[PDB]
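Contents: one structure, followed by commentary.
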RNA sequence: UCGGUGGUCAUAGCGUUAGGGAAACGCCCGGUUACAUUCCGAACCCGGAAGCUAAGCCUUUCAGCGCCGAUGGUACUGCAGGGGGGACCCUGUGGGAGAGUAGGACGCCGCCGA
RNA sequence: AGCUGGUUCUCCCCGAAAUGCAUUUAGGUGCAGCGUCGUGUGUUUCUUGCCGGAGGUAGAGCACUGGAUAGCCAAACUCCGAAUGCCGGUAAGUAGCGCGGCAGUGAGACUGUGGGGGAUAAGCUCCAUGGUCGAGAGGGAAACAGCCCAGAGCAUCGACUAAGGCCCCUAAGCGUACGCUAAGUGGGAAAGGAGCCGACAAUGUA
RNA sequence: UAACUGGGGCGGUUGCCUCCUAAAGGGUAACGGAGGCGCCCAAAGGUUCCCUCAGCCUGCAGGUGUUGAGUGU
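Structure representation (structure tokens):
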């Protein structure tokens with residue numbers, strides 16, 4: 005029910021973080037902002 | 015300290031402010047390097063003292079009872095500017111550079127912002 | 587027959603029996619009382635048998651108080667069962683009576699009949715008992 | 214007033230007291246009126262004969278000094294009944310103290326299955342330390358079931374007043 | 239000063255009782271040691287009061 | 104249906120009064136705040152009390168609540 | 001002699017009884033803007049000073065409820081022994097409560113400002 | 001063969017274990033605990049006094065939860081709360097630790113105390129904390145591994161004692177003085193009844 | 001073609017968390033006494049600011065109420 009998602013921003017195209025998120029609660033592809041170590045910036049990581 | 019009780023009708027202003035003051039004093043203590051900078055906000059004027067809670071003594075102090083402010087032109091907001099300036103001076107004198115501001119329970123706006131800014135431009139680091 | 591209508595834990599340890607009574611050593615309600623002299627467990631059956639003895643003997647008038655209540659559960663496993671495999675189900679309800687405890691109380695106009703009724707009860711109990719009169723504090 | 218000879222206790226603790234009772238003496242302590250407690254040893258037999266009476270006035274022949282005292286609290290063996298400890302309270306001639314007096318009921322209840330319950334074994338009253346009545350007498354004759362006698366229903370002797378609220382029940386009659 | 243004589247065997251006594259006797263210097267039945275009257279030694283005697291006899295000597 | 108238990112956690116006080124400690128040592132392991140952090144004492148993620156500065160451990164009552172304290 | 005800020009955390013509290021306005025604190029009257037109300041300038045925020053100690057606050061009486069509380073003893077107990085058919089009971093030496101009693105208590109200790 | 005049996009000369013020094021975790025594991029084994037030897041350290045070990053600490057057991061109590069006719073009850077109730085024990089400091093008094101070689105042990109028993117299961121059973125069973133046996137000779141309890149006294153290098157035709165005893169068997173008292181027992185109690189037992197009764201199984205006193 | 005097991009089989013259990021037994025540090029057994037877990041929340045996380053409940057009494061409002069409510073489980 006709660007699968008493991010892999011976050012990714014639009015620049016580094018490197019899979020940084022993974023997390024749990026209830027599918028039925030958040031069907032829309034989840035998104036937030038993290039610290040990408042390649043980019044060295046606080047960019048936005050759209051769920052893969 | 016250990017908080018105070020609640021109140022009913024009258025004395026609710028006093029209790030709520032005091033209860034709020036305790037909330038602020040569970041993370042703001044008067045050290046030796048940076049003392050406390052309590053600021054009481056009454057109806058007439060606004061006082062501000064520099065207390066050392068670890069020792070218990072007070073280092074500096076200023077209010078509207080001093081001659082410099084006692085009687086003059088300006089509303090309260092501009093009247094706190096004098097109080098801010100002196101206490102900064104009376105703190106610089108007795109070897110104080112960095113202090114920890116506390117609201118006293120009342121919100122940070124109006125005079126409390128104005129008093130802080132007047133004290134902050136005089137050298138003290140908040 | 588006295589049973590607790592509700593008890594938090596059905597299965598309990600054996601109530602220890604060292605020491606004297608915490609309290610209830612003196613006549614409180616009635617004029618005469620039964621004071622224990624040795625420890626024992628008094629089952630709800632034993633209390634009932636004693637109560638009938640006193641009330642039947644006096645036959646009318648007089649009032650009997652039962653100061654102890656059998657609320658401690660004792661357990662017993664099914665017969666001819668080997669050791670182990672859990673604890674048994676409660677069977678007897680016992681009041682942990684220690685030396686000095688005043689168990690039964692009785693008020694009656696006639697002293698001789700009172701003592702006789704009290705003695706008849708004592709022989710239904712499993713400990714040594716003594717008859718005590720209410721001290722005029 | 215009862216004259217009793219009393220000696221001073223110097224050894225304290227579990228072992229000392231057990232030896233004292235083994236010698237058939239009752240340890241005691243005399244206190245009151247802001248004085249330092251005086252630790253006493255008492256003759257066991259003379260004590261029990263004296264203490265048969267409630268609130269008996271004792272004149273302690275203490276080391277050639279006579280002092281007035283009243284037994285305030287006494288510890289007895291719960292099973293054997295011999296005295297173990299006495300607390301003696303100082304009282305001077307003519308001062309008021311609060312004491313408990315037993316109530317003795319006079320007369321015979323009205324005929325029937327009526328029973329008398331002593332809700333309070335002893336009635337608390339304040340009385341002069343030297344003129345404490347031995348007991349308070351109550352007339353219960355003719356009473357029926359449900360009838361309850363209040364504290365204010367007790368006919369006190371002159372000089373005695375209640376130390377409890379006037380509405381407290383002392384006696385009751387049960388079916 | 240205290241003159242301490244051991245009168246009973248250490249066999250059957252607790253381990254700390256054995257060490258108390260050793261610390262006092264006692265090493266068997268009928269052995270003696272002389273110590274100063276100090277709170278430590280009064281305490282050691284009390285711990286093994288059933289295994290030793292103490293005599294006061296100037 | 105009995106016979107289940109959770110293996111022991113070894114909670115309790117790990118440094119007692121008068122005990123000299125170095126900064127960061129564990130003073131108390133506990134569930135909830137039976138002891139609150141005092142001067143020079145920090146609270147961990149799981150209520151653990153650890154010294155922030157070297158000193159001697161000392162218990163007390165600050166502001167009406169039992170606390171641990173480190174005295175340099 | 002009062003206002004601000006601390007420590008102990010009821011021996012301080014609660015209730016009850018008589019009062020106080022010199023500065024101070026507060027009530028207090030208004031919403032123009034900044035600011036705010038799950039709706040209301042009641043609260044926060046803003047600007048003053050008409051009236052007032054009625055309440056808050058401070059002082060004060062009462063041991064009434066609550067609170068604190070010895071000494072002595074007892075239970076209990078480390079060590080060492082006894083007794084009993086058993087459940088268990090007792091003592092020597094060291095330690096020693098809880099309850100209860102006599103009593104205490106209508107707080108105390110700092111720093112500033114008027 | 002995780003199994004059974006056997007393994008041969010002597011003396012000197014030290015000297016255990018039957019416990020914890022895990023285990024296709026339970027009568028086996030790995031690691032840790034406990035032994036010994038070498039090497040480095042040197043009082044660091046241990047005992048007692050004092051000092052600084054946290055507690056929630058025994059006891060007690062009803063202020064919370066529950067039971068229950070003003071009096072009461074409670075492993076999973078606590079307004080309270082020791083004695084001990086534990087951690088650290090220090091003083092006095094007399095083994096500890098690091099690094100390596102080599103092990104055995106991991107079937108425990110009874111007795112004192114605090115408990116659980118059992119039925120207010122068991123020479124029962126499972127724990128905690130002492131003692132002895134195990135691996136301990138010698139003296140006592142008639143005999144009687146685990147109880148009381150006591151730790152055997154060897155010799156001794158000397159002495160004093162411990163537990164336990166002192167009429168004869170059998171070493172030492174027909175001891176001195178006061179009092180109790182009439183039942184051979186001593187030399188087994190209950191509720192209960194007025195030292196006694198209650199008292200009662202099988203080879204032969206027993 | 002498992003083990004535990006008051007012989008073995010039958011029945012039951014096997015990992016983790018909380019309480020009591022557990023003898024006031026820690027640890028401590030039994031096929032001892034009670035229960036839960038194999039998740040959930042994109043906020044039920046972070047921070048800043050603000051508020052105090054349950055219950056009771058009176059006719060949403062008022063008085064009382066310091067923890068007896070709540071704390072995802």
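Chains as they are written, first to last, in our numbering: chain A, 5 to 52; chain B, 15 to 140; chain C, 587 to 723; chain D, 214 to 388; chain E, 239 to 296; chain F, 104 to 175. Beta carbons are placed, not taken as given, at the ideal position from N, Cα and C, and that holds for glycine.
Does the separation of the CB atoms of residue i and residue j fall below 8 Å?
{"i": "residue 303 (chain D)", "j": "residue 387 (chain D)", "result": "no"}
{"i": "residue 686 (chain C)", "j": "residue 270 (chain D)", "result": "no"}
{"i": "residue 17 (chain B)", "j": "residue 38 (chain B)", "result": "no"}
{"i": "residue 319 (chain D)", "j": "residue 287 (chain D)", "result": "no"}
{"i": "residue 65 (chain B)", "j": "residue 44 (chain B)", "result": "yes"}
{"i": "residue 130 (chain F)", "j": "residue 171 (chain F)", "result": "yes"}
{"i": "residue 144 (chain F)", "j": "residue 157 (chain F)", "result": "no"}
{"i": "residue 623 (chain C)", "j": "residue 689 (chain C)", "result": "no"}
{"i": "residue 113 (chain B)", "j": "residue 105 (chain B)", "result": "yes"}
{"i": "residue 628 (chain C)", "j": "residue 708 (chain C)", "result": "no"}
{"i": "residue 275 (chain D)", "j": "residue 219 (chain D)", "result": "yes"}
{"i": "residue 699 (chain C)", "j": "residue 633 (chain C)", "result": "no"}
{"i": "residue 255 (chain D)", "j": "residue 242 (chain D)", "result": "no"}
{"i": "residue 364 (chain D)", "j": "residue 308 (chain D)", "result": "no"}
{"i": "residue 648 (chain C)", "j": "residue 692 (chain C)", "result": "yes"}
Measure from the alpha carbon of residue i to the alpha carbon of each residue in the options, then state which is nearest.
{"i": "residue 339 (chain D)", "options": "D:362, D:313 and D:352", "result": "D:313"}
{"i": "residue 44 (chain A)", "options": "A:29, A:25, A:20 and A:30", "result": "A:20"}
{"i": "residue 591 (chain C)", "options": "C:655, C:667 and C:601", "result": "C:655"}
{"i": "residue 269 (chain E)", "options": "E:254, E:246 and E:295", "result": "E:246"}
{"i": "residue 244 (chain D)", "options": "D:278, D:255, D:311 and D:282", "result": "D:282"}
{"i": "residue 657 (chain C)", "options": "C:668, C:663, C:610 and C:630", "result": "C:630"}
{"i": "residue 110 (chain B)", "options": "B:15, B:46 and B:32", "result": "B:46"}
Reducing DSSP to helix, strand and coil, say where residue i ends up.
{"i": "residue 258 (chain E)", "result": "helix"}
{"i": "residue 36 (chain A)", "result": "strand"}
{"i": "residue 225 (chain D)", "result": "coil"}
{"i": "residue 609 (chain C)", "result": "coil"}
{"i": "residue 111 (chain B)", "result": "coil"}
{"i": "residue 350 (chain D)", "result": "strand"}
{"i": "residue 12 (chain A)", "result": "strand"}
{"i": "residue 26 (chain B)", "result": "helix"}
{"i": "residue 141 (chain B)", "result": "Not covered by the structure: residue 141 (chain B). The range shown for chain B is 15 to 140."}
{"i": "residue 635 (chain C)", "result": "helix"}
{"i": "residue 318 (chain D)", "result": "strand"}
{"i": "residue 41 (chain A)", "result": "coil"}
{"i": "residue 380 (chain D)", "result": "coil"}
{"i": "residue 162 (chain F)", "result": "strand"}
{"i": "residue 600 (chain C)", "result": "coil"}
When every heavy atom of the ligand GDP is checked, does at least one fall within less than 7 Å of the C-beta of residue i?
{"i": "residue 593 (chain C)", "result": "Looking for the ligand GDP in the displayed structure turns up nothing, as the structure carries no ligands at all."}
Does the segment 50 to 61 of chain B come close enough to the segment 77 to 92 of chain B to have 3 or more Cβ pairs within less than 8 Å? The answer is yes - the segment 77 to 92 of chain B touches the segment 50 to 61 of chain B, with three or more Cβ pairs under 8 Å.
To be precise: take each residue of the segment 642 to 654 of chain C, compare its Cβ to all Cβ atoms of chain D, and keep it if any distance is under 8 Å. Which residues remain? 646, 647, 648 and 649
Flag this pair as touching only if the segment 714 to 721 of chain C and the segment 255 to 272 of chain D have three or more C-beta atom pairs under 8 Å; answer yes or no. no
Specify whether the segment 640 to 648 of chain C and the segment 703 to 720 of chain C touch according to this definition: at least 3 beta carbon pairs, one from each stretch, less than 8 Å apart. Contact between the segment 640 to 648 of chain C and the segment 703 to 720 of chain C is present, because at least three Cβ pairs lie under 8 Å.
Stretch pair the segment 256 to 274 of chain E + the segment 240 to 247 of chain E: three plus CB contacts closer than 8 Å: Flag = yes, the segment 256 to 274 of chain E and the segment 240 to 247 of chain E touch.
Give the residues from the segment 596 to 614 of chain C that approach chain D closer than 8 Å (Cβ to any Cβ), ordered along the chain. 606, 607 and 611
Interfacial residues, the segment 318 to 346 of chain D to chain C, with Cβ spacing under 8 Å: 326, 328, 329, 330, 331, 334 and 335
Using a beta-carbon distance cut-off of less than 7 Å, what residues from the segment 672 to 695 of chain C approach chain D? 685, 686 and 693
Report the residues of the segment 617 to 644 of chain C with a CB closer than 9 Å to any CB of chain D, ordered along the chain. 617, 621 and 623
Validate contact between the segment 9 to 18 of chain A and the segment 29 to 42 of chain A using beta carbons, cut 8 Å, 3 pairs: yes
Of the residues that make up the segment 289 to 316 of chain D, which ones have a beta carbon closer than 7 Å to any beta carbon in chain C? Going along the segment 289 to 316 of chain D in chain order, one finds 291, 292, 313 and 315 with a Cβ nearer than 7 Å to chain C.
With 9 Å as the limit, tell me which residues of the segment 234 to 249 of chain D have their beta carbon closer than that to any beta carbon of chain C; keep them in chain order. Considering only beta carbons, no part of the segment 234 to 249 of chain D lies closer than 9 Å to chain C.
Output needed in chain order: residues of the segment 348 to 377 of chain D with a Cβ under 7 Å from some Cβ in chain C. none
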